[PDB]
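Asks: Below is the structure I would like to discuss, written out as C-alpha cells.
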Amino acid sequence: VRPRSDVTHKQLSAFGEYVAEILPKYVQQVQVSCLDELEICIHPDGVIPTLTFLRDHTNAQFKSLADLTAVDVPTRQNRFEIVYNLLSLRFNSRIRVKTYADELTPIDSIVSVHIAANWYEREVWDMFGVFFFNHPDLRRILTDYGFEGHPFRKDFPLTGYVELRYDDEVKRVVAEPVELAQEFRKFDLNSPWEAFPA
Amino acid sequence: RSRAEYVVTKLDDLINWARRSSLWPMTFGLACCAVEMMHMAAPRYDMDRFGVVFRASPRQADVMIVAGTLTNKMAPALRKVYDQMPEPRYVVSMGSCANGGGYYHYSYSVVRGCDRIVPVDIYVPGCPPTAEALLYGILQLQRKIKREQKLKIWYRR
Amino acid sequence: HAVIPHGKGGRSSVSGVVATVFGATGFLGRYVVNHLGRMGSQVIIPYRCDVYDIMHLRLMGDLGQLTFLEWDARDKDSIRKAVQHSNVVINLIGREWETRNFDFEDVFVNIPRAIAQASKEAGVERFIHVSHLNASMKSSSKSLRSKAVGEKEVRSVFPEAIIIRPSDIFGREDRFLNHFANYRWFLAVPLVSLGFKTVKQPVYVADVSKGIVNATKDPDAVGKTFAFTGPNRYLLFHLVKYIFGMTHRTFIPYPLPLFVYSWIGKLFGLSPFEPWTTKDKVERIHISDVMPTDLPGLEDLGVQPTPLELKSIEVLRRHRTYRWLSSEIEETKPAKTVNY
Amino acid sequence: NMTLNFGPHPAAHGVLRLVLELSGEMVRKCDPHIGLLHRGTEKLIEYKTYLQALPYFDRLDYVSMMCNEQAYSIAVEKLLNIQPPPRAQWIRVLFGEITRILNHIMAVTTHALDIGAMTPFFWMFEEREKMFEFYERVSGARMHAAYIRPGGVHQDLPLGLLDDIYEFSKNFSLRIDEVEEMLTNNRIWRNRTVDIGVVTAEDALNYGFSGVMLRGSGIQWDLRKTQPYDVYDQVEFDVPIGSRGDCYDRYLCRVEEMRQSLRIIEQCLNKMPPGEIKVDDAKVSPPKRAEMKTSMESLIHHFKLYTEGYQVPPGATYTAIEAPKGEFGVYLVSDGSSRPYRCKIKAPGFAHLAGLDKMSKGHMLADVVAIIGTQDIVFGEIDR
Amino acid sequence: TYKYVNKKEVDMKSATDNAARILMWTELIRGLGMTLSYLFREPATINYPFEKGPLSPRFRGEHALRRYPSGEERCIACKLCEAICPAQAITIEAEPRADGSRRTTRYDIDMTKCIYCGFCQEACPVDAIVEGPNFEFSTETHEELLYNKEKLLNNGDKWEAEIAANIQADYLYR
Amino acid sequence: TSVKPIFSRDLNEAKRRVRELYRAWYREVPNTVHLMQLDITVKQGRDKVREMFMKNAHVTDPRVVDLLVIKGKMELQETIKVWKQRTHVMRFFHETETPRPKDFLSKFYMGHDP
Amino acid sequence: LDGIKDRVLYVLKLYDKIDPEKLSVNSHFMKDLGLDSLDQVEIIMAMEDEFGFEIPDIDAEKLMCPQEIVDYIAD
Ligand SMILES: CCCCCCCCCCCCCCCCCC(=O)OC[C@H](COP(=O)(O)OCCN)OC(=O)CCCCCCCCCCCCCCCCC
Ligand SMILES: NC(=O)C1=CN([C@@H]2O[C@H](COP(=O)(O)OP(=O)(O)OC[C@H]3O[C@@H](n4cnc5c(N)ncnc54)[C@H](OP(=O)(O)O)[C@@H]3O)[C@@H](O)[C@H]2O)C=CC1
Ligand SMILES: COC1=C(OC)C(=O)C(CC=C(C)C)=C(C)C1=O
Ligand code: SF4
Ligand code: SF4
C-alpha cells in the first residue's frame, strides 16, 4: 500500500474548487485523482486563459510546463486529449490541465504562456496531427523529412508503410512499401476474467 | 626464393600487415553502443594499444563502427559518410540495434540493420555489445584483413 | 524442381529463380544481380575477385538470397559445384583486354563452353549466354570474331540456350560513354574518319539487365538470339561531342589513320595494368553498328529502351569540371540522330 | 549567415543536424534538428506488457541507465498502489546515485573532449569502468541492466558488492579532485566556459529547463528534496545551487553533485536494511523460482505474470524523479489491460535543446560546442 | 539544505600574488604536474587476448539451450520464453515427439533482434534457455547470427560446464 | 455540420491559398532541380507538382483543404533550405518499384489478394 | 499597346497544352479553352516572366482573357 498523505488529497482538492470558481468558464470535471494529483479539465477555448491564470496568479504560481502530450482515444469523438502537466516551484505542487481536440479542430498554442511548449507542440503535430494556431514555427520535430502520416495515432501501423534500403541501380537510398520478414507477432493478452473492482 | 609467387604473397602480407596494424576508426555514435566504445578507447581496454586511433574524420578513417540505431532520417547520412571514405574501407556493425533492428526492429523509423545501407564486414552482437566484445570484433576484422590476398589475385588474373 | 512464387514483389519475397551468374562482378553483372535480387530470386554469384571487391553486391540481395562461391575458370570442378543447385545459368564472362594467362579465345569461348557443358550435366532448365553485337567469325576484331565462334559451340554443349547479343552498353561505369569522356586528359581526341561512318546505337545497361532477367522468367525465349540495341542510333561524331558537351569540355576531333591508331591501342595494350585502350577495342569502336536483323530484344522481351540523352547526365556528371556540374541536360543541346 | 548544416560526425551524440547561419564566426541563429534517433520508443511500448517495456526505459537515456528505470518503476507502482520493500528502496537510491556519478563523469569529461581537454575523459572512464562492474555484478549487464523493475529490484545484491561499492567510493573523491586540478581553475577552461550561455532565472523556468540548468541559475529545486521519491528522504545531501549561471558555474554544480552523491552512497552502504528486494504480492512481482517449482499457486502466478502481465488498474500518472540530466517523468496512461495505453517520456533534454537558441546568441562556432556540452544532451531521451 | 558552488581587499600582497598568477602562468604549471604524476602511475589496461576483463556469474552474454544430464534437452516448449521476449526474437513451433513427450521442432533466437535482456533466462520454468557466459561470437555474415535449435543446443553442450557452475552460484539469489 | 473554421470560411476563400501555394511550388521546382542536382526535368518536376495538387482535387470541405496546404507549405520549406536532400525529393518521383498493375488479369496472375 | 498583345499571344501558344491554333484574344482560359484552374495559374505566371512584372495573387483570378491581361499589363 502506497503511503498516501490525506493532507495532500484535501489541499489539492480545495485548489481544484478554487480554480473552478475562478474560471467557471472553460473548466469542467475538476477532479483529484486517488494519486494525490489534480487534473482540471478545460474546454479547448480555455487553453490560453486557464494556463495564464496558473502561470501568473499569486495563490497558484505554475511557472514551468513539465509536458504537453496527446493521448488518442479513437472512440472519443474528439480523438486527441491534449494533456499539459505544470509544476509550482513555490508551492511544491503539480497540476494537469487536459483539453480535447479532434483531428481538424486546432487548439490554441501556449508558446506565449510558456515557451517550453514551442517544441512539444511541434512534437504533438508531428505524431498526432493536432494543429496549434499562432505557433511560431510548426514543423516536424521527430519524423523523417518526407514522412507521410502521423505516427503515434492509434490508427497508424507500427511498422508503418515505408522502409528504406540502398539501391545500386539508382545509387541512392529508396523507400519501398514495407515488407517485413517476421511480422510482429500480435499476442492476445487480455484475460477473459476481470478483477472485482476493490 | 624468386618464383614470383613467393615474391608476391610476401608483398601482399606486408600490405595486409600495414592496414591490419593501423586501423583508424570513426564512430558515428548513434545511440548508446557508443558509450561502450568510448570504454574501449578508455584505459581498461585501450584501443590505441592495438593501433586503433581513438578518433578519425571520414577522409582518414579505415573502418566505420556503426553503433546504435540507424534511424530512417540518419540512413541517408550513414551512406554519405561511408561513401566519403578511402578505397580500402570497412564497416563493423556494433549493437543488436544496428546488426539487425534490435528492440526497435518493428518500428517505422528504424532501418532494420545497417547492412541494408552499408555493406558490413563484422557484426558485433549484444544490446550494449561488451567493449571486450567490440575489441574481439575489431581483432576479427584484423584476421579478415590478414587473409585478404589482393595482389596474388592480380598476379593470377 | 521449382519454387512457387509467393510475396508482393519486393525484397523479402520469393520468385523461384535460383541462378548461377559467373561474371556478376562486372558492370553489366552488377545490374543483373540487382534486378534478380530485387525480384527475390535465389542468386549464386561465383567469384574469383577478392572478398573486399564482392561486398558491393551483398546489400541489394535480401538475407540468404545471395550466395557467393569461389571459382577458378581453369578448374572445371569449381563450375561443377556452382551449378549443382541452380536451375538458371547466366554467362557474362568477357574481358576486352587479353590478359597474360587468359587469351581472348579462352575467356570468350573456352570458359563458356565448359560452363554450358556443366549445367546440361546439372540439368539447369535454361542457360543465357551473352556475346557482343555484330559478331562474325570473319569480322574485324578478334574479340568479336571469337565471341562469334563461341555462340556456336555453346549451342552444341547446351541446345536451345538463349543467346542475347548486346550492343556496346550505355551506363554509369560503362566504357562506351566514359571512355570518350575521359579523352579529356588527351588534349586532342582522335576519331578515325573524324568520327564518321561508324554509326553506333547505345543501350542503357538497365534495359539490358531487365531484358536479361525477363528472359530468365519467360518461356518464349529458347534458342532465341535477341539483340538489345537502343532507342536511337548515332554517328560517332555527335556521340563524342555530345559527351564532351555534357562534360562541358572542349572538343577537337582529330582524324588519325586507324592504321596508325591500331598502333596506339597496341601501346596502351602493352601496359600491364588494365590497358585503357585495346587494339581490339579500337577496331570495335570504329566497327559500325549492325542494323537490327536478329531477334528483337528490348520491347520484345518487355522493356522499352531508354534514350541515351535521358540518363547521360548521370553517367557523365563526374567527368565534368567542378563548375557546370549543376548544368542539367535540357538547357544543354541534345545531338542529332543519324539512322543511316 | 551562410547555413553550414554544421553537424553529423560532429561534437554531439551522433545526431545534431544543427543547421546554422553564421556571419563568419558568429552564430546568428541555431535551429537544432531532431529525430535523427527517433526510434518509436513511445509507440512500441503500447504493444508491449509492463515488464517487457522496462528494457526500453534503460535505452531512453542510457548514460543514465537505471535512474530512468526508477521513473517507470515508480510510475507503475503508483498505478498499482504498491510500494517496494525497504531494502529495494535503498538499493534504488544506492544505484540511483552511482548512476548519477556515471552520468556526470560522462557529462564533465565528454564536455572537455569537445573543448579539447582529453586526459580527464581517460582518467574518469577508468572509474566509470569500475562502476559498470557493479552494474554487471548486480544485474548481469554492464549497462542496460533491467535491474530496477516495477516492484522493487530484481535480485538482491551479490554477497560482497556493498564492500566494493565502498572501496571505490572511499577513493573516487581523489579522482574528482584530480580532474579539478586540471580543469576547475585552468586558466583556459574558465575562459571558454565562463559567461557563455548565461540563462536568467525567470527564463530558465519559462523554457522548462528543470535540471542543473535551473539550479545553475540559482533557482533552488531538486525534486529529490522537494518531492522525495523512494528513500531519498531518509538521506541527507546538499543541493549544489549556483550563481552567475554560465557554463562554468553549472559545471561546478555537476562536480558538486558528484561529491554530494558520494555522501548519499556512503549513507546507503551504512544504513541498508535486512529484508526482501521485491514486493511480496505475487500479483505484481514474479514468484521466487524455488516457490514456482514447488507450489501450484506460484507456478500459476509465474505463468500468468510472464505470459500476460500485471494488469494495472485503469488510471494515469505523471511521476518525475531527478534523473542526472534533470526531471525525467513518465506520463503513463493505463487502461485495465496488462499493456500500457500511452507513455510519454518527458526527457530532460527536449526542453534543454530548445534553449540552445536562446542561450547561444551572438556566439562563435566554438561557443555552440561548449553549450551542447553544458546541457548533457543524450539524443536518446530527446528523440525517444 | 543548499550550497553555493561559486558565490563571491586589493592588497599588494594580494595583487602581486594575483599578477604573478597571470604573468608566470602559475596555475597552468599546476595542471602539468598532475599529468606528469600519472605518467608515473601503473597503466590500467589489460592484454585483451591474454588477460580478460572480469565478468561475474549473472553476465548474460550469449544464448544457449541446456540439456538434462541424462541427455534429454530441457526445453518442453511451453513457449512463454517467446511470450516474454521484448524483441520478438525467439520463434518456437512444437509438436509431440514420437516418444509422446513435448519438444520444440524449431527454436530460433534471432540474436540481431535479441537485446540480451535476460528475461528468457528468468521466464523458463525448466530453465532450458540460459544466458551463457560467452560474449565473443562476432560473425562475418548476418545469417550466422540467426541461431536455430541445433546451434543453441551445440552452444549449450560446449558451455554446459561453466553454465552449470554459473547457475549453481546464482540460484539461491533468484 | 456546424464546424468551426480553421483557415477559410468557405471553399472559394481557400482555393485561393491552394493556388498561391501552387504559384510558390511552380517557381520552386526549377531551383531545386539545380541545387539538388536531380536527374529530373524542370517540366517533369512541375508535372509531379500538378499531380499532387490534383490528387487531392476531390476534397470538398474547407477545413480539410486548409490543413492540406498547411502541410504543403512546410513541405516546400524543407524542400527549400535543402533540408530534404536528393533522396527525400526523388522519392516523390517513385523509382525502383514495379508499378503494381490494376488489370484483373494482372492481379489474378500475381498476388493472392487484390 | 498592341505589342503587349503580340507578346501575350506568343506566351499562350508556347506552353503547348493550350491554343492549338484556337488562340483568340476574346478566348477565356476557363470559359472556352477548358484549361484547368491551375493551368491558368501557370499561364499568368508565364506572362509575368516575359513581361518582367509579377501580377498579384488575386487579379490573376479576374483575367482569363488574353486581351484583358494586355489591358492590365498596359496599366
Ligand atoms: C630590469 C628588468 C627588466 C625586465 C622586466 C621583466 C619583468 C618580469 C617579466 C614580466 C613578464 C613575465 C611573463 C611573460 C610571459 C607571460 C605573458 C603573459 O601575460 O601571458 C599571456 C597569458 C595571460 O593569461 P590570461 O589570463 O589569458 O590573460 C590575463 C590578462 N588578459 O598567459 C597564457 O595564456 C599562457 C598560455 C600558455 C599555454 C601553454 C602553457 C605551457 C606551459 C609550460 C611551458 C612554459 C614555458 C616553458 C619555457 C621553456 C624554455 C623556453
Ligand atoms: N560493357 C561492354 O563493353 C559490353 C559487354 N558485352 C558483353 O557482356 C559481358 C559483360 O560485360 P561487362 O560487365 O562490361 O564485362 P566486364 O569487363 O565487367 O567483365 C565481366 C565479368 O567477367 C569476369 N571475368 C573476366 N575474365 C575472366 C576470367 N578469365 N575468368 C573468370 N572470370 C572472368 C570478370 O570478373 P573479375 O573482373 O572479377 O575477374 C567480370 O566480373 C561481357 O562478357 C561482354 O562480352 C556486350 C556488349 C557491351
Ligand atoms: C558529448 O557527446 C558526444 C558523444 O556522446 C558522448 C559521442 O558518442 C560522440 C561519438 C564519438 C565517440 C568516440 C563515440 C561524440 C563526437 C560526442 O561529441
Ligand atoms: S543495441 Fe542495445 S545498446 Fe546498441 S543501441 Fe540498440 S539498444 Fe542501445
Ligand atoms: S521457456 Fe524454457 S522451456 Fe519453455 S520453451 Fe522457452 S525455453 Fe523451452
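Residue numbering restarts at 1 in every chain; chains get A, B, ... in the order shown in the C-alpha cells, and ligands count up from 1 in that same order.
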Would you pick out the contacts of stretch 37-48 of chain D at 6 Å or less, using only C-alpha atoms, so that residues sharing its chain but fewer than 4 positions from it are not included, and give the list as a ChimeraX atom specification?
Replies: /A:152 /B:71,107,109-110 /D:52-53,339-341,343,383-384
Asks: At a cut-off of 12 Å, which residues of chain C touch chain E? Count only C-alpha atoms and give the answer as JSON, numbers by chain.
Replies: {"C": [51, 55, 58, 59, 62, 63, 64, 65, 66, 67, 68]}
Asks: Can you pull out every residue from stretch 10-173 of chain E that DSSP, working from the backbone, puts in helix (DSSP H, G or I), and format the result as a ChimeraX atom specification?
Replies: /E:12-23,26-39,80-84,119-123,142-145,149-170
Asks: Check every protein, DNA and RNA residue against ligand 1, keep those with an atom at most 12 Å away (counting only C-alpha atoms and all ligand atoms), and present them as a list in words.
Replies: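 So, counting only C-alpha atoms and all ligand atoms, the residues near ligand 1 are residues 185, 186, 187, 188, 189, 190, 191 and 192 of chain D; 16, 18, 19, 20, 21, 22, 23, 24, 25, 26, 27, 28, 29, 30, 31, 32 and 33 of chain E.
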Asks: Please produce an output containing N, CA, C and O atoms for each residue in the selection, written as an mmCIF file, in the first residue's frame.
Replies:
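New file again11.cif:
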```
data_model
loop_
_atom_site.group_PDB
_atom_site.id
_atom_site.type_symbol
_atom_site.label_atom_id
_atom_site.label_comp_id
_atom_site.auth_asym_id
_atom_site.auth_seq_id
_atom_site.Cartn_x
_atom_site.Cartn_y
_atom_site.Cartn_z
ATOM 1 N N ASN D 185 40.186 25.311 -12.310
ATOM 2 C CA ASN D 185 40.839 26.592 -12.291
ATOM 3 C C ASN D 185 41.756 26.734 -13.475
ATOM 4 O O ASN D 185 42.601 27.567 -13.482
ATOM 5 N N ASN D 186 41.619 25.925 -14.496
ATOM 6 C CA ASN D 186 42.567 26.105 -15.566
ATOM 7 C C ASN D 186 42.397 27.509 -16.040
ATOM 8 O O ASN D 186 41.289 28.012 -16.135
ATOM 9 N N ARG D 187 43.499 28.157 -16.340
ATOM 10 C CA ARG D 187 43.439 29.493 -16.863
ATOM 11 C C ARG D 187 42.726 29.507 -18.122
ATOM 12 O O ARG D 187 42.645 30.539 -18.636
ATOM 13 N N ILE D 188 42.348 28.371 -18.694
ATOM 14 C CA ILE D 188 41.753 28.347 -20.026
ATOM 15 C C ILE D 188 40.382 27.720 -20.036
ATOM 16 O O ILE D 188 39.552 28.069 -20.864
ATOM 17 N N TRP D 189 40.128 26.787 -19.132
ATOM 18 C CA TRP D 189 38.805 26.222 -19.051
ATOM 19 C C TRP D 189 37.890 27.349 -18.730
ATOM 20 O O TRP D 189 36.854 27.513 -19.354
ATOM 21 N N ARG D 190 38.277 28.168 -17.773
ATOM 22 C CA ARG D 190 37.381 29.209 -17.354
ATOM 23 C C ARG D 190 36.985 30.046 -18.532
ATOM 24 O O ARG D 190 35.811 30.260 -18.757
ATOM 25 N N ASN D 191 37.938 30.493 -19.321
ATOM 26 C CA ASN D 191 37.606 31.400 -20.415
ATOM 27 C C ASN D 191 36.561 30.856 -21.361
ATOM 28 O O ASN D 191 35.574 31.518 -21.637
ATOM 29 N N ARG D 192 36.770 29.660 -21.867
ATOM 30 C CA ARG D 192 35.843 29.078 -22.875
ATOM 31 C C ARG D 192 34.481 28.760 -22.231
ATOM 32 O O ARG D 192 33.477 28.647 -22.952
ATOM 33 N N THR E 16 49.957 41.410 -5.988
ATOM 34 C CA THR E 16 51.233 40.863 -6.519
ATOM 35 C C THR E 16 50.988 39.366 -6.670
ATOM 36 O O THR E 16 51.402 38.802 -7.691
ATOM 37 N N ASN E 18 48.124 37.776 -7.269
ATOM 38 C CA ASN E 18 47.291 37.588 -8.481
ATOM 39 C C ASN E 18 48.027 37.872 -9.790
ATOM 40 O O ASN E 18 47.837 37.117 -10.753
ATOM 41 N N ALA E 19 48.839 38.923 -9.813
ATOM 42 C CA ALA E 19 49.551 39.291 -11.053
ATOM 43 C C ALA E 19 50.533 38.183 -11.421
ATOM 44 O O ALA E 19 50.633 37.856 -12.605
ATOM 45 N N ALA E 20 51.216 37.619 -10.426
ATOM 46 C CA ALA E 20 52.183 36.536 -10.691
ATOM 47 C C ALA E 20 51.408 35.365 -11.291
ATOM 48 O O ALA E 20 51.946 34.698 -12.182
ATOM 49 N N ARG E 21 50.188 35.133 -10.806
ATOM 50 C CA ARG E 21 49.377 34.003 -11.320
ATOM 51 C C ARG E 21 49.145 34.206 -12.818
ATOM 52 O O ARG E 21 49.326 33.236 -13.568
ATOM 53 N N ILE E 22 48.760 35.413 -13.237
ATOM 54 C CA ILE E 22 48.598 35.688 -14.698
ATOM 55 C C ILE E 22 49.940 35.715 -15.439
ATOM 56 O O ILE E 22 50.041 35.041 -16.475
ATOM 57 N N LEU E 23 50.941 36.424 -14.915
ATOM 58 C CA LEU E 23 52.225 36.601 -15.649
ATOM 59 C C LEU E 23 53.077 35.344 -15.855
ATOM 60 O O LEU E 23 53.572 35.164 -16.977
ATOM 61 N N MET E 24 53.251 34.510 -14.828
ATOM 62 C CA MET E 24 54.156 33.339 -14.958
ATOM 63 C C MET E 24 53.325 32.042 -15.078
ATOM 64 O O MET E 24 53.873 30.949 -14.863
ATOM 65 N N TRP E 25 52.037 32.194 -15.378
ATOM 66 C CA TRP E 25 51.142 31.023 -15.585
ATOM 67 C C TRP E 25 51.222 30.005 -14.449
ATOM 68 O O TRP E 25 51.335 28.809 -14.756
ATOM 69 N N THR E 26 51.148 30.449 -13.198
ATOM 70 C CA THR E 26 51.330 29.506 -12.066
ATOM 71 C C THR E 26 50.345 28.331 -12.029
ATOM 72 O O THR E 26 50.800 27.192 -11.838
ATOM 73 N N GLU E 27 49.056 28.598 -12.239
ATOM 74 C CA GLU E 27 48.041 27.515 -12.202
ATOM 75 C C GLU E 27 48.190 26.533 -13.378
ATOM 76 O O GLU E 27 47.896 25.334 -13.223
ATOM 77 N N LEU E 28 48.679 27.047 -14.507
ATOM 78 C CA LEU E 28 48.857 26.209 -15.717
ATOM 79 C C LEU E 28 49.928 25.191 -15.321
ATOM 80 O O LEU E 28 49.763 24.008 -15.653
ATOM 81 N N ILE E 29 50.979 25.635 -14.630
ATOM 82 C CA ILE E 29 52.100 24.722 -14.249
ATOM 83 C C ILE E 29 51.499 23.680 -13.299
ATOM 84 O O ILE E 29 51.913 22.509 -13.365
ATOM 85 N N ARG E 30 50.547 24.090 -12.461
ATOM 86 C CA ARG E 30 49.913 23.143 -11.509
ATOM 87 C C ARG E 30 49.310 21.982 -12.299
ATOM 88 O O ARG E 30 49.554 20.818 -11.935
ATOM 89 N N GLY E 31 48.580 22.297 -13.369
ATOM 90 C CA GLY E 31 47.948 21.251 -14.193
ATOM 91 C C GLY E 31 48.939 20.288 -14.811
ATOM 92 O O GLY E 31 48.654 19.078 -14.825
ATOM 93 N N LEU E 32 50.081 20.804 -15.268
ATOM 94 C CA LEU E 32 51.124 19.942 -15.881
ATOM 95 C C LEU E 32 51.606 18.943 -14.825
ATOM 96 O O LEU E 32 51.836 17.779 -15.171
ATOM 97 N N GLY E 33 51.724 19.384 -13.577
ATOM 98 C CA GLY E 33 52.240 18.485 -12.533
ATOM 99 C C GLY E 33 51.344 17.275 -12.393
ATOM 100 O O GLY E 33 51.872 16.163 -12.268
#
```
Asks: Give the residue list for ligand 3 at 6 Å, counting only C-alpha atoms and all ligand atoms, as a PyMOL selection string, sorted by chain and then by residue number.
Replies: (chain B and resi 27-29+34+38) or (chain D and resi 10-14+110-111+373)
Asks: Next, the residues of the selection above should be written as a CSV table (one decimal), in the first residue's frame with N, CA, C and O atoms.
Replies:
```csv
chain,number,residue,atom,x,y,z
B,27,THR,N,33.5,6.8,-35.3
B,27,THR,CA,32.3,6.3,-34.6
B,27,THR,C,31.2,7.2,-34.7
B,27,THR,O,31.1,8.3,-34.1
B,28,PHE,N,30.2,6.8,-35.6
B,28,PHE,CA,29.1,7.6,-35.9
B,28,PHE,C,28.3,7.9,-34.6
B,28,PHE,O,27.6,8.9,-34.4
B,29,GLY,N,28.6,7.0,-33.6
B,29,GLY,CA,28.0,7.2,-32.3
B,29,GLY,C,26.5,7.4,-32.3
B,29,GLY,O,26.0,8.3,-31.6
B,34,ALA,N,27.7,3.5,-28.4
B,34,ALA,CA,28.8,4.5,-28.5
B,34,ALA,C,29.5,4.5,-27.1
B,34,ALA,O,30.7,4.6,-27.1
B,38,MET,N,33.4,4.1,-26.3
B,38,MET,CA,34.3,5.1,-25.5
B,38,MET,C,35.0,4.3,-24.4
B,38,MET,O,36.1,4.7,-24.1
D,10,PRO,N,29.9,15.0,-35.7
D,10,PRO,CA,30.3,16.3,-35.1
D,10,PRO,C,30.8,16.2,-33.7
D,10,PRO,O,31.6,15.3,-33.4
D,11,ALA,N,30.3,17.1,-32.8
D,11,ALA,CA,30.7,17.1,-31.4
D,11,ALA,C,29.4,16.8,-30.6
D,11,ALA,O,29.4,17.1,-29.4
D,12,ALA,N,28.4,16.2,-31.2
D,12,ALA,CA,27.2,15.9,-30.5
D,12,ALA,C,27.1,14.4,-30.3
D,12,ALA,O,27.9,13.6,-30.8
D,13,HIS,N,26.1,13.9,-29.6
D,13,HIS,CA,25.9,12.4,-29.5
D,13,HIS,C,25.4,11.9,-30.9
D,13,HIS,O,24.2,11.4,-31.0
D,14,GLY,N,26.2,12.0,-31.9
D,14,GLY,CA,25.9,11.5,-33.2
D,14,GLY,C,25.0,12.2,-34.0
D,14,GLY,O,25.2,12.3,-35.2
D,110,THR,N,33.2,14.3,-21.3
D,110,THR,CA,32.8,14.5,-22.7
D,110,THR,C,32.8,16.0,-23.1
D,110,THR,O,33.1,16.3,-24.2
D,111,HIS,N,32.3,16.8,-22.1
D,111,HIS,CA,32.3,18.3,-22.3
D,111,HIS,C,33.8,18.7,-22.7
D,111,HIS,O,34.0,19.3,-23.7
D,373,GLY,N,27.5,20.8,-24.7
D,373,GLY,CA,28.0,20.1,-23.6
D,373,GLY,C,27.4,20.4,-22.3
D,373,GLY,O,27.3,19.5,-21.4
```
